[PDB]
$ cat data18.pdb   # PDB, C-alpha atoms
ATOM      1  CA  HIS A 147     155.590  -3.956 -56.160
ATOM      2  CA  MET A 148     153.921  -6.762 -58.152
ATOM      3  CA  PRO A 149     154.587  -8.155 -61.711
ATOM      4  CA  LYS A 150     152.368  -7.329 -64.736
ATOM      5  CA  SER A 151     148.825  -8.804 -64.694
ATOM      6  CA  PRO A 152     147.218  -8.868 -68.206
ATOM      7  CA  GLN A 153     144.535 -11.407 -67.125
ATOM      8  CA  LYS A 154     141.874  -9.226 -68.834
ATOM      9  CA  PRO A 155     140.159  -9.684 -72.268
ATOM     10  CA  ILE A 156     142.047  -7.484 -74.781
ATOM     11  CA  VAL A 157     142.084  -6.162 -78.372
ATOM     12  CA  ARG A 158     145.164  -5.992 -80.651
ATOM     13  CA  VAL A 159     145.307  -2.701 -82.613
ATOM     14  CA  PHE A 160     147.982  -2.078 -85.282
ATOM     15  CA  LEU A 161     148.885   1.624 -85.663
ATOM     16  CA  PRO A 162     150.319   3.413 -88.785
ATOM     17  CA  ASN A 163     154.111   3.693 -89.348
ATOM     18  CA  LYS A 164     154.728   0.081 -88.183
ATOM     19  CA  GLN A 165     153.381   0.689 -84.641
ATOM     20  CA  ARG A 166     150.984  -1.371 -82.461
ATOM     21  CA  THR A 167     149.166  -1.416 -79.088
ATOM     22  CA  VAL A 168     146.889  -3.611 -76.938
ATOM     23  CA  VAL A 169     143.831  -2.309 -75.009
ATOM     24  CA  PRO A 170     141.432  -4.126 -72.560
ATOM     25  CA  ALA A 171     138.016  -4.928 -74.098
ATOM     26  CA  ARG A 172     135.530  -3.443 -71.592
ATOM     27  CA  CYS A 173     131.708  -3.378 -71.950
ATOM     28  CA  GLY A 174     130.385   0.196 -72.146
ATOM     29  CA  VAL A 175     133.669   1.706 -73.377
ATOM     30  CA  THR A 176     133.952   2.687 -77.071
ATOM     31  CA  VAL A 177     136.921   1.812 -79.321
ATOM     32  CA  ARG A 178     137.506   5.589 -79.618
ATOM     33  CA  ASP A 179     137.608   6.152 -75.838
ATOM     34  CA  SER A 180     139.874   3.069 -75.546
ATOM     35  CA  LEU A 181     142.422   4.089 -78.222
ATOM     36  CA  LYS A 182     142.264   7.853 -77.435
ATOM     37  CA  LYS A 183     145.641   7.524 -75.647
ATOM     38  CA  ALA A 184     147.225   5.624 -78.574
ATOM     39  CA  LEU A 185     145.924   8.222 -81.056
ATOM     40  CA  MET A 186     147.068  11.129 -78.837
ATOM     41  CA  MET A 187     150.657   9.795 -78.542
ATOM     42  CA  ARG A 188     150.676   9.420 -82.367
ATOM     43  CA  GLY A 189     149.136  12.873 -82.914
ATOM     44  CA  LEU A 190     146.213  11.412 -84.889
ATOM     45  CA  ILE A 191     142.536  12.423 -84.594
ATOM     46  CA  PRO A 192     139.894   9.586 -84.766
ATOM     47  CA  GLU A 193     138.192  11.371 -87.707
ATOM     48  CA  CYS A 194     141.361  11.083 -89.860
ATOM     49  CA  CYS A 195     141.804   7.372 -89.030
ATOM     50  CA  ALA A 196     139.843   4.340 -90.319
ATOM     51  CA  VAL A 197     139.541   0.913 -88.616
ATOM     52  CA  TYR A 198     138.665  -2.535 -90.038
ATOM     53  CA  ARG A 199     138.774  -6.236 -89.083
ATOM     54  CA  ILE A 200     139.259  -9.429 -91.139
ATOM     55  CA  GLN A 201     136.312 -11.875 -91.181
ATOM     56  CA  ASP A 202     136.360 -14.893 -93.557
ATOM     57  CA  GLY A 203     139.207 -13.153 -95.423
ATOM     58  CA  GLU A 204     137.140  -9.962 -95.906
ATOM     59  CA  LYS A 205     138.069  -6.504 -94.540
ATOM     60  CA  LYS A 206     134.957  -5.077 -92.811
ATOM     61  CA  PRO A 207     135.019  -1.438 -91.458
ATOM     62  CA  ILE A 208     134.402  -0.617 -87.763
ATOM     63  CA  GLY A 209     132.993   2.523 -86.111
ATOM     64  CA  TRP A 210     135.104   4.228 -83.402
ATOM     65  CA  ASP A 211     131.970   4.759 -81.281
ATOM     66  CA  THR A 212     131.258   0.997 -81.130
ATOM     67  CA  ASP A 213     131.810  -0.744 -77.769
ATOM     68  CA  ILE A 214     135.264  -2.392 -77.679
ATOM     69  CA  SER A 215     133.579  -5.411 -75.991
ATOM     70  CA  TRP A 216     132.192  -6.310 -79.448
ATOM     71  CA  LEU A 217     135.814  -6.745 -80.619
ATOM     72  CA  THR A 218     137.039  -8.951 -77.722
ATOM     73  CA  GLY A 219     139.971 -10.915 -79.192
ATOM     74  CA  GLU A 220     139.994  -9.136 -82.592
ATOM     75  CA  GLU A 221     143.058  -7.706 -84.388
ATOM     76  CA  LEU A 222     142.368  -4.204 -85.781
ATOM     77  CA  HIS A 223     144.294  -2.288 -88.485
ATOM     78  CA  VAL A 224     144.284   1.542 -88.728
ATOM     79  CA  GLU A 225     144.382   3.563 -91.989
ATOM     80  CA  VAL A 226     145.342   7.255 -92.360
ATOM     81  CA  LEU A 227     142.718   9.253 -94.334
ATOM     82  CA  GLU A 228     144.909  12.391 -94.656
ATOM     83  CA  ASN A 229     148.669  11.855 -94.145
ATOM     84  CA  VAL A 230     149.656  15.550 -94.068
ATOM     85  CA  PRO A 231     148.989  16.982 -90.536
ATOM     86  CA  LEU A 232     147.501  20.527 -90.627
TER      87      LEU A 232
END
$ encode --input "data18.pdb" --output "structure tokens"
Amino acid sequence: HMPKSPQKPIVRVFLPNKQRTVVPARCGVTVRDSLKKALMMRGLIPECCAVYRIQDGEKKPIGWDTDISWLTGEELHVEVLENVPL
């Protein structure tokens, strides 16, 4: 056994209903494929969830299929497009 080793570059994603998670920013991997676990455990599909970052005080939208490496050290916030789960 060894202690935790988070010595990797990461991204801070805030999930709906006061939840949050941190994922390692890897080159080649998309934000979608990174947060797929977080979405799954929340029961949310990527197409019903919107992501944005804050730059110079402005909220700019982000595509799920963008490489998470582009967001190394960014704090993301998720929005629910349709709250009622069908």
$ closest_residue --input "data18.pdb" --among "A:210, A:215, A:156, A:222" --to "residue 194 in chain A" --atoms "all atoms listed in the file"
A:210
$ atom_distance --input "data18.pdb" --atom1 "CA of residue 189 in chain A" --atom2 "CA of residue 154 in chain A"
27.2 Å
$ residues_near_point --input "data18.pdb" --point "(143.0, -12.7, -80.8)" --cutoff "9 Å" --atoms "all atoms listed in the file" --output "VMD selection string"
chain A and resid 156 to 158 218 to 221
$ closest_residue --input "data18.pdb" --among "A:166, A:205, A:147, A:223" --to "residue 188 in chain A" --atoms "all atoms listed in the file"
A:166
$ residues_near_point --input "data18.pdb" --point "(140.7, 1.6, -75.6)" --cutoff "12 Å" --atoms "only C-alpha atoms" --output "MDAnalysis selection string"
chainID A and resid 155:159 167:186 210:215 217:218 222
$ closest_residue --input "data18.pdb" --among "A:209, A:232, A:149, A:216" --to "residue 192 in chain A" --atoms "only C-alpha atoms"
A:209
$ atom_distance --input "data18.pdb" --atom1 "CA of residue 160 in chain A" --atom2 "CA of residue 224 in chain A"
6.2 Å
$ resolve_selection --input "data18.pdb" --expression "the PyMOL selection byres ((chain A and resi 208) around 6)" --output "number ranges by chain"
A: 197-198, 207, 209
